[PDB]
Amino acid sequence: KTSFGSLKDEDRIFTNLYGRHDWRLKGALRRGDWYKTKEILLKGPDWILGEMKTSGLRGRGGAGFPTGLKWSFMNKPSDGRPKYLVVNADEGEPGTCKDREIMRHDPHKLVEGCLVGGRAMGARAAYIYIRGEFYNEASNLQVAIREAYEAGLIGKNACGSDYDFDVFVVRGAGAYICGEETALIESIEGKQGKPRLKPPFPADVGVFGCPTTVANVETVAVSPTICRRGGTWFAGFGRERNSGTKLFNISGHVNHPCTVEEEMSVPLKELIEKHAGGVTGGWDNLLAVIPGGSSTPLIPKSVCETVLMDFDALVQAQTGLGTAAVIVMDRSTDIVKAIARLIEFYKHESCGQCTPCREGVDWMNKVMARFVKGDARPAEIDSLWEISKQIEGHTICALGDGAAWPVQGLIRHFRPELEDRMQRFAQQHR
Amino acid sequence: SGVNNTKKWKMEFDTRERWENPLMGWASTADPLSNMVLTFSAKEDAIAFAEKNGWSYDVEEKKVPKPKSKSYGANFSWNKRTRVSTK
Amino acid sequence: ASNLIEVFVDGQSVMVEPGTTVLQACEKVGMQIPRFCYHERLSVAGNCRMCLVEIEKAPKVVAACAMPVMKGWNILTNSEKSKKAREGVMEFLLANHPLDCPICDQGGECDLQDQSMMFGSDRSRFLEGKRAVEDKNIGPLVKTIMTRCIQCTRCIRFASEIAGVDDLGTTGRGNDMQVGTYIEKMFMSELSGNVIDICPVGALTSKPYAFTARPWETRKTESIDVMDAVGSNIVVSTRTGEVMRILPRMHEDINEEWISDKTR
Amino acid sequence: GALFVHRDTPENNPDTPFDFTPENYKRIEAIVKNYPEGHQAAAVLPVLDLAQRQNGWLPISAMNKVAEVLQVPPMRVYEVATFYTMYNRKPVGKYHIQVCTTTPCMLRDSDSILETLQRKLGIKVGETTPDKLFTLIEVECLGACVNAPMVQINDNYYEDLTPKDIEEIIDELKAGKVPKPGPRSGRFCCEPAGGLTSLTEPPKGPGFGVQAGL
Amino acid sequence: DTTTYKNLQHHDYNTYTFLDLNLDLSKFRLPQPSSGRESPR
Amino acid sequence: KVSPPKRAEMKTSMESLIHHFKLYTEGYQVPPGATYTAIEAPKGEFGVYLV
Ligand SMILES: Cc1cc2nc3c(=O)[nH]c(=O)nc-3n(C[C@H](O)[C@H](O)[C@H](O)COP(=O)(O)O)c2cc1C
Ligand code: SF4
Ligand code: SF4
Ligand code: SF4
Ligand code: FES
Ligand code: FES
Ligand SMILES: [K+]
């Protein structure tokens, strides 16, 4: 199929996204969950990993790495140490709400995916590191986990199989950087949320020094339905190498900001006009869009006209598909102030380990504040571009890249706006 | 942490008396061979130069640092004591 | 070649053991990679980012202090990408570093100054205001001017692993992250002037050796130590016929790199 | 705002009375059992959170008590408490209003919410009301961005709020009854505000679309 | 049935709900591996 | 790294102060080599053989 979108409700993988249909275990069994899971576990780890590889599911964390290959990193025999699955329920990126929605409205999908992924890797426990601000979501997840333990779906007989698994929930304490892979591992281990270098990879040294695999909530939540319904089906959705369904959050200046499940490779304009009710004032009033959450740069209306919603499509459009969090800005907004607020966010949420990210993102925050006021000079635009290029690729984790990229997008597209602000400031202060 | 000031063999003399000037409090000296750092590319060259000029010498061997096993993954050990508590 | 792997640096073809880092291979050939947080007797931190080097046919620079060489790598230590990385990291350090060099104590002993002159740029693009951090009262031996700390955690790693007191650490996040004790703590152990040694900047200086001399002034005499039967090797830094400072020497079989507080 | 240096005030000395309730001791035992037999220092974060939930804020005696219980260095406990932002190292109000001011929320006008809260409570930026039950602070993204004009009071999210909506929420809090958490002004959780456009039909039950051979 | 919100049991959660649920869950879990040490010291 | 910066830049900049300090304490490192430079001085050919 050349065109994508208009996903069928019977093909929606995240039924009960809107809080109906009794999120507890009885409603999960009515909607279809924990079905043939014993058959899946007895079918075994190699079959599950081959199912993931044939489905072609990619990380849904924003990373974009092939889930099947990443999970098949740990198909080794035993070492002496246990193995762990870790789920990232931190969801700290601006624009992103999908993990919160699925944890509070269909948590048994997350629990079943923890069990299936833990069996696929070969493991004894899944630590769900949830965000600290999601107290009600964490309590609902604990209610679901207690119901699964009472039903015998976890612990000493995984759904009647001879596999032993445990599911723990550990809450954060308010750090966006703890959504990172190794920083989350450190936060579980009880230190500060500072990411560690790679190598060693988490598949060799993770939490407590054990082989671990860190996976997104949406990834593990679509995992057991991928195993159950094939994977050729999941690859049938979406384009080549960008396959399946995706939870798009749409926020900002849209008529109905909402979280909706939609097929991959759907047009941005089609997605907004079909699910968000359109831009406030119209598609002509649309100025810019951030398609990923906050780590991805801007795309203006001109390229937003025809862009698709793939990793490859946004890479071609000099952006990325991160958490699929379409932030929409119409013409009646301060785009420089929005980008400066994003740099404020990255300055406040930097963990402070690397000198590049630490000092450079503080520097970016000050330069962007002066850009918003107008008291800069047009040479400082290229100076800020070089500061961004110095930050990017020179840090331990990708928060430095995710702070450099919105600056690069703003400089790339809305440079006459910055120059206009500077000349207006200069002529009004002289 | 720089090591460029090593790797050249220095010949120096024994330190003599540096007393205090009665007028100004400066450091007065009586021997001319006080600041006599001589640079040589090899220990045998320094030995030959000292023997040729007729000075008694004490030569001490080069103290290279020992090659050490370094692994970043030891900071997060599962059972060993090398696990750190702070990054 | 039993358990020996061939790695190239600038085309040279040195054999190293597995698990050898890029920095260790480069120093085995003879090149000293710039560093601020790596210390050969401390655990690898990898946070100062000064040791970023380019591997051939690899788009991303790697940290030489932590990355182990795999096989057939060609380490391009003097490439344009590596020089740009070093300039960027040095610029980021000196952006918020305070211009305290004359009133400082690392006059000719500053790794930050020397590596700036050798690998950083010659100018600053920083047009903003620098941060400032309130000082601590860590003891009568170590004077802490923590405004000029570069957050390299070397003192933290030393006091956790070698001294083993676990009293130093990082409090805060981002540019506000500070090194020290959260409480008013009197960090007084033996082997506690070695943080003055290993601190590359003048954040941790010697309080008795407050403002008395400069390294270019000091004549260095390599001697041994008494009042301890270990017999650790020291350097007496004198000036104008007066003993000014006692530094440690390097003897791997007696005292390694450091000495005790009594002999210091 | 808050300084990462303890000044040792009379109200926050390392002798202020802190100890866990016996049921909190049982909860700490459950947490330590959740972590493996080695690496019990991984329980620093939730035990410190439990101390905060018991005591309101987190004094230095509470931090030292958590360190003593878990046999962890107090400096490591201070590292955790200073690093993470949800730990209150100063006494806060009873309700602790947190207004998200990141980019999609300020696109949907969280500044009006913040200024109406400011003029409603009489506090400027980040201080406490005199009756010691409200502390208004700005925060970053709280994860509810499709419900962009939102706020967090203690553990509850109040979303899609007009200025009069946040005023009447504050009136309800001053009256004493806790207001209903969640998004107000029509939406249940996150659906579009024009009716359902996504699911709109009963979900298929078990066995639907099951591949053969499984 | 499908026209009403039904997550309303998150309304009546107290400050100790998560930890009480964890304490209730502590009896359902398998014995955990040891590192061979009381602590990393 | 060869010429000292201006005094205002030295008192307002970090790299400038570092370079001022190092040029006025150690001086610039000249790369190794030997040259003979001859200049038509008024008395005659004035030469410097620098190693
Ligand atoms: C600063 C930063 C924040 C991140 N926050 C999140 C987050 O909130 N949730 C998430 O799932 N991944 C987050 N990630 C990306 C993780 O690296 C990634 O999700 C993780 O490797 C899981 O892989 P997956 O996407 O294949 O499941 C973050 C990364 C960075 C650098
Ligand atoms: S890039 Fe920033 S947030 Fe990431 S590890 Fe470095 S200092 Fe921490
Ligand atoms: S530590 Fe070095 S760069 Fe910093 S003020 Fe002192 S001499 Fe200058
Ligand atoms: S005080 Fe010195 S040794 Fe310690 S982190 Fe700062 S710069 Fe490094
Ligand atoms: S020496 Fe490698 S990052 Fe500091
Ligand atoms: S940006 Fe405000 S809740 Fe996410
Ligand atoms: K020092």
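Numbers run from 1 along the shown chain.
Structure method, as recorded: electron microscopy, 3.0 Å.
The backbone N, Cα and C atoms fix where each Cβ goes, and this holds for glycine too.
Feature annotation from Swiss-Prot assigns domain '2Fe-2S ferredoxin-type' to C:3-81.
Summarising the annotation, Swiss-Prot assigns [2Fe-2S] cluster binding site to C:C37, C:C48, C:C51, C:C65 and lists experimental evidence as the type of evidence. For C:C65 ([2Fe-2S] cluster binding site), the same-chain residues lying six or more positions away in sequence with a CB closer than 8 A to its CB are C:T21, C:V22, C:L23, C:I33, C:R35, C:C37, C:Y38, C:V44, C:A45, C:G46, C:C51.
The Cβ of C:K57 (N6-acetyllysine) has C:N74 as same-chain neighbours under 8 Å, each 6 or more residues away in sequence. If you look up Swiss-Prot, you'll see C:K57 marked as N6-acetyllysine.
Per Swiss-Prot, domain '4Fe-4S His(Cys)3-ligated-type' is recorded for C:81-120.
The annotation [4Fe-4S] cluster 1 binding site is assigned in Swiss-Prot to C:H97, C:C101, C:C104, C:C110. Under 8 Å, Cβ to Cβ, and six or more positions away along its own chain, C:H97 ([4Fe-4S] cluster 1 binding site) finds C:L112, C:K130, C:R148, C:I150, C:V201.
According to Swiss-Prot, the [4Fe-4S] cluster 2 binding site annotation covers C:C149, C:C152, C:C155, C:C199, on the basis of experimental evidence. The C-beta environment of C:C155 ([4Fe-4S] cluster 2 binding site), restricted to residues of the same chain at least 6 apart in sequence and closer than 8 Å, consists of C:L168, C:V179, C:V195, C:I198, C:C199, C:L204.
Only C:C199, in sequence order, out of the recorded positions C:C51, C:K57, C:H97, C:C199 have a CB under 6 Å from ligand 7. Other than C:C149, C:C152, C:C155, C:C199, the residues of this chain whose Cβ falls within 8 Å of the Cβ centroid of the [4Fe-4S] cluster 2 site are, in sequence order, C:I150, C:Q151, C:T153, C:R154, C:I156, C:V179, C:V195, C:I198, C:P200, C:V201, C:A203, C:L204. Closeness to chain F is evaluated for the binding-site residues C:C37, C:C48, C:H97, C:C101, C:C149 by Cβ distance, with values under 8 Å counted; counted residues in sequence order are C:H97, C:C101.
Residue counts for the domain '2Fe-2S ferredoxin-type' (C:3-81) under DSSP, helix first, then strand, then coil, are 10 helix, 21 strand, 48 coil. Nearest in space to C:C152 ([4Fe-4S] cluster 2 binding site), taking C-alpha to C-alpha distance over the binding-site residues C:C48, C:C101, C:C104, C:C110, is C:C48. Cα separation, C:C101 ([4Fe-4S] cluster 1 binding site) to C:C149 ([4Fe-4S] cluster 2 binding site), rounded: 13 Å.
For the recorded [2Fe-2S] cluster site, residues C:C37, C:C48, C:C51, C:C65 set the reference point as the centre of their Cβ atoms, and the other residues of that chain within 8 Å of it by Cβ are C:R35, C:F36, C:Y38, C:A45, C:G46, C:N47, C:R49, C:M50, C:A63, C:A64, C:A66, C:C152. Only C:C65, of the binding-site residues C:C65, C:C149, C:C199, place a Cβ under 6 Å from an atom of ligand 5.
When the Cα atoms are compared, C:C149 ([4Fe-4S] cluster 2 binding site) and C:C48 ([2Fe-2S] cluster binding site) turn out to be 12 Å apart.
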